[PDB]
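Shown next as structure tokens: one chain only, the form deposited in one PDB entry.
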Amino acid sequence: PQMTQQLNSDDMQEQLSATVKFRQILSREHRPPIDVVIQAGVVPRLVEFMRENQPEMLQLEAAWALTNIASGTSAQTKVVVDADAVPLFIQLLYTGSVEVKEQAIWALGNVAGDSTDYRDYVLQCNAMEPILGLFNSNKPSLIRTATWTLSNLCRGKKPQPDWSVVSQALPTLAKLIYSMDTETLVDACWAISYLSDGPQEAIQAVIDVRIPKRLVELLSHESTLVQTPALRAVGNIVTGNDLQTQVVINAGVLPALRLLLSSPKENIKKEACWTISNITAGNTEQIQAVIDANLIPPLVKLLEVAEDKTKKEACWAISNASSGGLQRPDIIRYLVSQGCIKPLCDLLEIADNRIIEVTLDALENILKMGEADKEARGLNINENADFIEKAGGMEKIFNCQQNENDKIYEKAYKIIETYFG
């Protein structure tokens, strides 16, 4: 109350000393007295020190303090939001000095990252314009926070943000990924992964502003804090059509993916398998490109010795590629020569029913090519059938006939009767 007194005081030097105090108590590494401060009702008073007529130093501390109040539970954040502090935060980006903008931008970050509605709210307030205007500055600390806040405005796919509004950030974002600053590179990539999570139009917008080429470079960046969101972003782009996928291929994404398949991080290998599977779902030339990049050997090993979540992803990648054998038979002969059959069978006794369905499709494609070759050449046996039997795979396809799922039994039945009569 000695502090609160100096805050509600009319003395100019007292109101600043009191602001400095509330700031520091909320700037503590340990558990900040967030609720004790709100209890004093000093919120709207600090919102009042963010108005044009306040000294540069009183706005700096007032905003700083108000930022660490929004960085708390949704409730502590709503206390600041309803004290009509948002529009005053935005204006401060237009009128405050650098030090002051750094405080207001950060606060807009916590408010936007609290929920899809506070996000839409900050955007309705037209904060995009002044935020993008901030990057005409050279202060790395200011750039970092602005990229993070910008990040939170693109985030959220359930209630998706206004696209005619957030797509405006792309140009800025395309320049940002050429930054040498690690932290900045992290938030720029997150923002881009959010934006890339949309339809074919979004993806194409990310491509038109020329982001793919640098994004691929970032896959081999030193820090895994950069790689994760960059990988996700490159991943979303290949969920697009064949032409869009080709752009990422021409940027050299494949050699980069080969490196990521040996990543000490397990979730990076998983997302790299995922990414490759969407590339093998492409056309003949793209599947052939995956093969040339030497991606199958390390993808086959993962199918046999890795966390079940990764094995699944690897399964899709190889299964998708096998469907390419109809237009180019060497594709399947190649997968087989690399030993995909054993790791494929060994995955038939897994819990997931959709993976089993995808595994069985691969095996059938392999059995089919095996049959065409038998007839084309002068062979007496379907060689891929033997490989499967010797790998104990025929016994498993046999058990699948007693799986409650319909599609599974019906397919496991077609195989047995057609290739193992």
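Just count from 1 along the sequence shown to find any residue number. Between two forms, the rigid core is the largest collection of C-alphas that superpose within 1.5 Å.
Do the C-alpha atoms of 381-389 or of 24-32 have the higher average B factor in the entry? For C-alpha atoms only, the mean B-factor is higher in 24-32.
Residue stretch of maximal mean CA temperature factor, 70-78 vs 234-242: Comparing 70-78 with 234-242, the higher average CA B-factor belongs to 70-78.
From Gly133, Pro329, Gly282, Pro161, residue of greatest CA B-factor: Comparing C-alpha B-factors across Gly133, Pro329, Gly282, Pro161, the top value belongs to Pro161.
Taking the values exactly as deposited, rank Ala362 by C-alpha B-factor within its chain and report the matching third: lowest, middle or highest. Tercile = lowest for this residue's CA B-factor.
For the chain shown, is the CA B-factor of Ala191 in the lowest, middle or highest third of its modelled residues? According to the entry, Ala191 has a C-alpha B-factor in the chain's lowest third.
CA B-factor ranking of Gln124, expressed as a third of its chain: As the PDB entry reports it, the C-alpha B-factor of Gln124 lands in the highest third of its chain.
Modelled-residue ranking by C-alpha temperature factor, third containing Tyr118: Tercile = highest for this residue's CA B-factor.
Check where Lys311 lands among this chain's C-alpha B-factors and tell me if it's the lowest, middle or highest third. Middle third by C-alpha B-factor.
If you look for the form deposited in another entry, you will not find it shown, but the lines that follow are about it.
Exceeds or equals 2 Å, Cα of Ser337 between this form and the one not shown, core fit: Yes, the C-alpha moves 2 Å or more.
Kindly check if the Cα atom of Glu99 is displaced 2 angstroms or more between this form and the one not shown relative to the superposed rigid core. Moves: no, less than 2 Å.
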